[PDB]
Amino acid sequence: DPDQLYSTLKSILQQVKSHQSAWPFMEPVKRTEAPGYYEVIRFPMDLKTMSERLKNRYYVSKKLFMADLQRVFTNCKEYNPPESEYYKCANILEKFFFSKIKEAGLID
């Protein structure tokens, strides 16, 4: 039951991470890549941090997992213009994310 949730979330997270549009979101944004990012974005989130959180048994609920992954997308859209490649990646990966949640039957 806890380990079923873990398995499902691990599968979903791995699939999201393998996706071609995930490349902007794999690790914390580097100051070198985005100087002043960390003055703007108060709650940074990325897929590596999520992987660690998962391994650390933080995601005891679907809600917690969804909030972290959604934050990845909302940070991107707050920071970047709509026609930037980063914003485009976010919406493509978000579509994929939601298909994977639905496919899994993942529910509260």
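Position 1 is the first residue in the sequence shown; the rest follow in order. Definition used throughout: the rigid core is the maximal C-alpha set that superposes within 1.5 Å between two forms.
Root-mean-square C-alpha deviation from the shown form, taken over all structures in 6 other deposited structures of this protein superposed by the rigid core, is larger for 29 to 37 than for the alternative among 29 to 37 and 42 to 50. Between the stretches 26 to 34 and 44 to 52, it is 26 to 34 that shows the larger average CA temperature factor. Comparing 63 to 71 with 35 to 43, the higher mean C-alpha B-factor in the PDB entry belongs to 35 to 43.
Highest C-alpha temperature factor among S84, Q15, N91, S21, as the PDB entry reports it: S84.
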